[PDB]
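These notes concern the structure reproduced below.
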Amino acid sequence: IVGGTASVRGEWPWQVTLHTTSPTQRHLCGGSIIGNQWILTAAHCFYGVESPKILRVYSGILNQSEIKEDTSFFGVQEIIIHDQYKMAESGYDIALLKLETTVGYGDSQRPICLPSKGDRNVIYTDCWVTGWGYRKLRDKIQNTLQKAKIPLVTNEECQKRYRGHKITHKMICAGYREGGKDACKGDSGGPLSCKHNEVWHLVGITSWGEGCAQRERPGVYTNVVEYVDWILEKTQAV
Ligand SMILES: NC[C@H]1CC[C@H](C(=O)N[C@@H](Cc2ccccc2)c2cc(-c3ccc4c(N)[nH]nc4c3)ccn2)CC1
């Protein structure tokens, strides 16, 4: 996160750190708990990934330093990538991780609500992008979970900022015209959370952008509302 502040423990209980084991253990991506055996993340996160055996999901973490060899985690049973996915810039940048065990809900880990069909028309005024990603173009993964309040941008406005790209209604953008506050390297897969009528909704998944926090280059996110049916198709299969 560029231009953010340390989060308080338990502020974003849906937020997870998705670690890889190959070649060495390190944070790979963010993700959001959406069900007791489900993590919603970005599909691009799995570019390297040949098997889910190398993944580890950590829930209820504020600081990366809390993760050691004895720290409990959730294994990944299955990686479900949207079948129309080619690349982050083209869309369909959505993936589900089916966990090997059930997440026990508590004050340190619980699910975030998906947006509603009727809520495609609602105006979100209180949106936050969270993660352990970089604070500048070239740094390292942060220890403490960072947060930043970002305004949502229209598709027409986002499309003007991304000449040569096609910004679909399946993407949502967030950013300040002047920049200064944005998601950065290591924040992808994580949530774009918006509070509406005292309840938090998963509005977007951190996907791509031209650099970090640059003037007139908003962060591009998977528009979760456009994928509710696909999430239910995958999570509610008979
Ligand atoms: N302003 C908009 C914003 C949107 C989000 C975007 C983003 O986060 N993209 C991801 C895409 C990706 C590529 C490969 C695997 C997963 C995700 C990314 C992550 C990292 C990365 C990850 C872990 C690291 C580690 N452990 N040390 N260094 C690490 C660096 C480097 C480069 N790109 C940046 C721009």
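Residue numbering for the sequence shown is 16 to 36, 36A to 36B, 37 to 58, 58A to 58B, 59 to 65, 65A to 65B, 66 to 143, 145 to 168, 168A, 169 to 184, 184A to 184B, 185 to 245, as defined by the deposited numbering. Note that CB positions come from ideal geometry on N, CA and C, so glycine has one too.
Distances from the CA of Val85 to each of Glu217, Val60, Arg170 were compared; the closest alpha carbon is that of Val60. When the beta-carbon positions are compared, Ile89 and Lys241 come within less than 8 Å of each other.
DSSP places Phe82 outside both helix and strand once states are collapsed to three, so it counts as coil.
By the neighbour-count criterion, in which 16 or more other beta carbons inside 10 Å mark a residue as buried, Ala244 falls on the exposed side. In its chain, beyond the 5 residues on either side, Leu71, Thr139, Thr154, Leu155, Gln156, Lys157 have a beta carbon closer than 8 Å to the beta carbon of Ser22. Shown here, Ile76 sits in coil according to DSSP, grouped into three states, outside any helix or strand. Leaving aside the five residues that flank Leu162 on each side, the residues in its chain whose CB is nearer than 6 Å to its CB run, in chain order, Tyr133, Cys136, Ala183. Only buried fits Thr54, as 16 or more other CB atoms lie within 10 angstroms of its CB.
The beta carbon of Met180 is closer than 8 Å to those of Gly100, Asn165, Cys168, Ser214, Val227, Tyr228, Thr229, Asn230 in its chain, skipping five residues each way along the sequence. Taking 7 Å as the cut-off, the C-beta of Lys179 does not count as close to any heavy atom of ligand 1. A straight-line Cα-Cα distance of about 10 Å links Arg145 and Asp194. DSSP places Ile238 in no beta strand (DSSP E) but in the uninterrupted alpha helix (DSSP H) bounded by 235-242.
From the listed residues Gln73, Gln38, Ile212, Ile103, the smallest Cα separation to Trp237 is found for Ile103. Between ligand 1 and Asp194, a heavy atom-to-CB distance of less than 7 Å is present. For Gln93, there is no enclosing alpha helix (DSSP H), as DSSP marks it with neither H nor E. Residue environment analysis places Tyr234 among the buried positions, since at least 16 neighbouring C-beta atoms fall within 10 angstroms of its C-beta. In the same chain as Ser117, and ignoring 5 residues on each side of it, the C-beta atoms closer than 8 Å to its own belong to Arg24, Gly25, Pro28, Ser68, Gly69, in chain order. Separation of the CB atoms of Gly142 and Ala220 is rounded to 11 Å, and the pair is thereby denied contact status at 8 Å. Between the alpha carbons of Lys77 and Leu65A lies a distance of about 15 Å. No Cβ-Cβ contact shorter than 8 Å links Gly196 with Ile176. One alpha carbon belongs to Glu98, the other to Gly113, and they sit about 35 Å apart.
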